[PDB]
Amino acid sequence: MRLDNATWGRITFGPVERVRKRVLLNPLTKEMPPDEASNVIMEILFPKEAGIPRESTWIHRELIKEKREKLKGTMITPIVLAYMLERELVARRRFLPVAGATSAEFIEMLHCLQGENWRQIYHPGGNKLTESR
Amino acid sequence: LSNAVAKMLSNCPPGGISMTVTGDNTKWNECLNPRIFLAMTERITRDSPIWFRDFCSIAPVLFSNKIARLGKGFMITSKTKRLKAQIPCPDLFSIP
Amino acid sequence: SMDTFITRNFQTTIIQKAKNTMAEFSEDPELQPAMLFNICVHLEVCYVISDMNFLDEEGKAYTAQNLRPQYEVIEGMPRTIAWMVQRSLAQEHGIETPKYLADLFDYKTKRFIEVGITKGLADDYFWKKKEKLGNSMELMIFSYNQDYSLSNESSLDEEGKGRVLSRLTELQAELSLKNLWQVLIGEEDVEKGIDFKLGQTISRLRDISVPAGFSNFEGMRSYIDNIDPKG
Amino acid sequence: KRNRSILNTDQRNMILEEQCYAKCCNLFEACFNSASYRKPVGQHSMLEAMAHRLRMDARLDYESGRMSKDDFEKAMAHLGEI
Amino acid sequence: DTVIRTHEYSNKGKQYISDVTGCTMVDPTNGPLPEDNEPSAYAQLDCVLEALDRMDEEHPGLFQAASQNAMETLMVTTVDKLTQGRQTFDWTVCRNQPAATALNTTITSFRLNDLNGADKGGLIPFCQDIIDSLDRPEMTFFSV
RNA sequence: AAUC
RNA sequence: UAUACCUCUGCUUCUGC
RNA sequence: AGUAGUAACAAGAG
């Protein structure tokens, strides 16, 4: 969706400083720590074995209700479903060379945005955040 | 490394010389004794409790008294007879 | 000691389940016999309530034949099993799960039950545990001097209420009979350290694994920890 | 496929030893579906956990209406043997 | 060749016989300093301690903090942590087996010699069983 | 106007 | 011995941090 | 033979 709806600009050849900095690789639905996301996942797929509830049980109640209603009719294995949640909840942060764009929806396209001797203008689709602006 | 280079570069005295030794060690594994590694842990755990000091001290104590097994052995042959046979590690000295 | 008293009075079902509960909390049964006794009583109080009560197919309580008790014992079982059962009930019956671990659950009432053991007053212990639970579990407090403070809609019937109070004081009388009541009343708490010490063989390996000019590991430990090498 | 060289060798005995564990672990996962995702915790016995899990699964399914009197009494008879 | 070379760099140190194993042991630490450019294993303890002392001065409060960090990790670390060690040497059968199996063979063999540290779930008791298993006079194990 |  | 012009096998006695 | 190169393969096993 972020590639199809997107639009491209001008290629431009010329030197580019690219700085090495930790960045989010893929944009998440709602960011959480490893335990919090896991506890949320547990509530979505395996409610009986979840164990002791935490505060996080209450905090994301809307997300759990949404995801349990969304992932209701599917026949696909739980272990797969839990993997796909983990991607759209737990954060993938690693070091990359960047210049101009830090946002995850750009970081995923980084390879086509900038090289050591060139620049490419890119406009991703969907919606963009207000704080990011 | 890139940031640590810039600092240790521009730190040098003006009107002086800064030289980079492109370095590498030899026999790295064969020279470092386990008893040094034992003495290292003790000084690192100085403040930590006596059980943990003893816990950390075991792995270097093992490596200090380790025994190395000698692979498969040695295959001996006769080209005239066209025969082969592995002499195993215990039978290394069961033959002239 | 209390160790001998629990062997004679209590069953092996209660002896093991208590010790297993102390193992999960990382506490030693032998170092704290009085602390085991609390859970030994607390677990036996729960069993006495459940042992007689059963439900029939129509959905009404009776006294015992059918393979479905009116109560469900949560205390005694391991944490991960108990919390599975606690959730399994609340999710099926359609109620919000308690934040703390409950002791019993009544199938006809569809409510959790929390049991407490107290030496002094029952009403004092009742309103103390009301602050934690609020109105999550229906409290059933009992004490050794025949003083009890139950919940507003208490499921504990008058027939069992006697049997509960019978064993309570009958135990307390048997404790003071061999001067065992003095140990429970006195203070008992020991600080749980991390258990790791070396054996005979490994120590001897550590003694030979020493630098040149050292008698043993004691000599190496002192050297590193004391002397200054500078220069 | 698995490397079948093990069939000719004396380590055949591990093949059954594996499939014995695999039978237990696959049954454990049928009782506990979160065993695939989450690492299960417990110093208690592996059978004990499975028994208690299946005990409530029966009792609740009867009371809810998912299990009949015919099937519940069969289930309660089996768990008694174990 | 590695065994020869390793002992070639230490042979001028202290040679002794281990009373535990009955093996030939060599010790170069706190030995005579080299008079050549050949690989010296004769590392002097005091110099290593002084090098560490300087590092403790240049990086203060690090040693005890890192010693805490690792200790607090140890408590949380389970027995299963050993399963991710690729091919490991199984002492029962004297073959390099999968770490998951090599562990399971070692846990089951320990149980026969009255060593159930793994059953507690923590690594610390399993490590306590390993140091105690040296003391057991006859170590029983399975063979099919 | 950065953390994790 | 014989079955065996058969049968099984192709990283599964070595491949780590 | 050859492949290879500090030691192997050029089938092994029941």
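Residue numbers (this note's numbering), protein chains in the order written: chain U, 10 to 142; chain L, 3 to 98; chain G, 5 to 235; chain Z, 917 to 998; chain S, 3 to 146.
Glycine residues also receive a C-beta, built at the ideal position from the N, C-alpha and C atoms.
Taking 4 residues as the minimum length, the alpha helix (DSSP H) runs contained wholly in the segment 116-198 of chain G are 126-137, 162-181, 185-189, in order along the chain.
Given a length threshold of 3 residues, each whole run of the beta strand (DSSP E) inside the segment 72-142 of chain U is given here in chain order: 102-107, 127-132. Non-local C-beta neighbours of residue 65 of chain S in its own chain, meaning closer than 7 Å and more than five positions away in sequence, comprise 58, ordered along the chain.
Using a CB distance cut-off of 9 Å, residue 46 of chain L counts as an interface residue toward chain S. Non-local beta-carbon contacts of residue 202 of chain G in its own chain, meaning distances under 6 Å to residues more than five positions away in sequence, are absent.
Using a Cβ-Cβ cut-off of 9 Å, residue 65 of chain U does not count as an interface residue toward chain Z, since no Cβ of chain Z sits closer than that to its own. For residue 27 of chain U, same chain residues with a beta-carbon under 7 Å away, outside a window of 5 residues either side, are 106, 107, 108, 123, 125 in chain order. The C-beta separation of residue 110 of chain U from residue 35 of chain U comes to about 14 Å, leaving the pair out of contact by the 8 Å criterion. Scanning chain G for C-beta atoms nearer than 7 Å to the C-beta of residue 33 of chain S yields 216, reported in chain order. About 5 Å separates the CB atoms of residue 52 of chain U and residue 73 of chain U; that is less than 8 Å, so the two are in contact. Distance from the Cα of residue 84 of chain G is smallest, within the candidate group G:59, G:129, G:28, for G:28. Each of G:65, G:178, G:82, G:142 was checked against the Cα of residue 13 of chain G, and the nearest Cα belongs to G:178. Fewer than three beta-carbon pairs drawn from the segment 82-98 of chain S and the segment 168-175 of chain G are found closer than 8 Å, and the two stretches are therefore not classed as touching. When C-alpha distances from residue 41 of chain L are compared across S:48, S:40, S:36, the shortest belongs to S:48.
In this structure, DSSP gives residue 75 of chain L an extended state, which the three-state scheme calls strand. For the segment 949-965 of chain Z, the set of residues with a beta-carbon nearer than 7 Å to any beta-carbon of chain U comprises 949, 950, 952, 953, 954, in chain order. Assigned with DSSP and collapsed to three states, residue 87 of chain L falls in strand.
Nearest CB-CB separation between residue 919 of chain Z and chain S: not below the 9 Å threshold.
When secondary structure is reduced to three states using DSSP, residue 29 of chain U falls in the strand class.
Interface annotation, residue 46 of chain U: not in contact with chain Z, CB-CB separation never under 9 Å.
In this chain, the beta strand (DSSP E) harbouring residue 19 of chain S covers 16-19. Close to residue 58 of chain U, with beta-carbon spacing below 7 Å, are these residues of chain G in chain order: 88. For residue 147 of chain G, the closest alpha carbon among the candidates G:139, G:121, G:47 is that of G:121. Around the beta-carbon of residue 108 of chain S, 16 or more other beta-carbon atoms lie within 10 Å, marking it buried. With contact defined as three or more Cβ pairs closer than 8 Å, the segment 81-91 of chain S and the segment 119-137 of chain S are in contact. Counting other Cβ atoms within 10 Å of its Cβ, residue 57 of chain G reaches 16 or more and is therefore classed as buried.
Per DSSP, reduced to three states, the secondary structure at residue 28 of chain S is strand. Beta-bridge partners of residue 21 of chain U (DSSP): U:128. Residue environment for residue 89 of chain S: exposed (fewer than 16 other C-beta atoms within 10 angstroms of its C-beta). Residue 121 of chain S does not reach chain G, its nearest Cβ partner there being about 10 Å away, counting only Cβ pairs nearer than 9 Å.
In its chain, beyond the 5 residues on either side, 74, 75, 117, 159 have a beta carbon closer than 7 Å to the beta carbon of residue 110 of chain G. Taking CB atoms only, residue 7 of chain S has a neighbour in chain L less than 9 Å away.
Listed along chain S, no residue sits closer than 8 Å to residue 85 of chain G by beta-carbon distance, the nearest being about 15 Å off. Around residue 980 of chain Z, the beta-carbon contacts reaching into chain G at under 7 Å are 96. Within chain L, the residues whose beta carbon sits less than 7 Å from that of residue 225 of chain G are 44, listed in sequence order. Secondary-structure assignment with DSSP links residue 124 of chain S through a beta bridge to S:80.
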